[PDB]
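Numbering (the entry's author numbering), first residue to last: 1 to 144.
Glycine is no exception: its CB is placed at the ideal position from the N, C-alpha and C atoms.
Single-structure report; data block below.
Written out as structure tokens, the structure reads:
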């Protein structure tokens, strides 16, 4: 069973995919909670390559890591990957006159409540979108 969420980021699909795949960029977002922060992300972005998004707490009292394997990479318009939890996660980067329609579609983990997962993923997708807006990544500039 798949749950599909979305985001209309007013930015280029280049800057959005860049912020998504770049491990140094992922270091700031990914950890939705501000009490957490991604201390490292081993990203081998190829078809069959693995990812590992280590998140440390601000006081280092705990840690939490997102391991998995990319099952399909269609740069920059789509990224398909499965997590350690079994979540088949499919993030679509669609080009639109308004910016980039990032439609995330993940498989719901049988262990957790589906709606609570959707809230967690929408938190991380908000944290990503807000990172793109915070870092700027503004390709559009008024040339003069």
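1. On the DSSP bridge list, what partners appear for residue 2?
2. I'd like the list of long-range same chain contacts for residue 76, defined as Cβ closer than 7 Å, with 5 residues on each side in sequence excluded.
3. Just curious, the alpha helix (DSSP H) that residue 20 is in, first and last residue?
4. Are there 16 or more other CB atoms within 10 angstroms of the CB of residue 99, so buried, or fewer, so exposed?
5. List the residues that DSSP assigns as beta-bridge partners of residue 52.
6. Identify the residues that DSSP records as bridge partners of residue 92: which are they?
7. Is residue 47 helix, strand or coil by DSSP?
8. Can you give me the Cβ contacts of residue 50 inside the same chain, cut-off strictly under 8 Å, excluding the 5 residues immediately before and after it?
9. Quick one: is residue 11 buried, meaning 16 or more other Cβ sit within 10 Å of its Cβ, or exposed?
10. Does DSSP classify residue 121 as helix, strand or coil?
11. Should residue 90 and residue 105 be called a contact, given that it needs their Cβ atoms to be closer than 7 Å?
12. According to the Cβ coordinates, are residue 1 and residue 108 closer than 7 Å?
So, from the listed chains and residues:
1. As a position in the chain shown, residue 2 is number 2, starting the count at 1. DSSP output for residue 2 lists 107 as bridge partner(s).
2. Counting from 1 along the chain shown, the entry for residue 76 is found at position 76. Around residue 76: 13, 14, 17, 93.
3. In the chain shown, residue 20 corresponds to position 20, counting from 1. Unbroken alpha helix (DSSP H) run through residue 20: 13-21.
4. As a working mapping, residue 99 is identified with position 99 in the chain shown. It counts as buried.
5. Counting from one through the chain shown, the residue named residue 52 turns up at place 52. According to DSSP, which records beta bridges pairwise, residue 52 is partnered with 42, 67.
6. Here residue 92 corresponds to residue number 92 of the chain shown, with the count starting at 1. Answer by DSSP bridge pairing, in chain order: 78, 103.
7. Against the chain shown, residue 47 aligns to sequence position 47. Residue state, collapsed to three classes: coil.
8. Locating residue 50 in the chain shown gives position 50, where the first residue counts as 1. Correct list, in chain order: 42, 44, 67, 68, 69, 70.
9. Against the chain shown, residue 11 aligns to sequence position 11. Buried is the call here.
10. Stepping through the chain shown from its first residue, residue 121 is reached at position 121. Residue 121 falls in the helix class under three-state DSSP.
11. For the purposes of this step, residue 90 is taken as residue 90 along the chain shown, with counting starting at 1. For the purposes of this step, residue 105 is taken as residue 105 along the chain shown, with counting starting at 1. Cβ atoms of residue 90 and residue 105: closer than 7 Å.
12. Here residue 1 corresponds to residue number 1 of the chain shown, with the count starting at 1. Here residue 108 corresponds to residue number 108 of the chain shown, with the count starting at 1. Yes; because the gap between Cβ atoms is below 7 Å, this pair is in contact.
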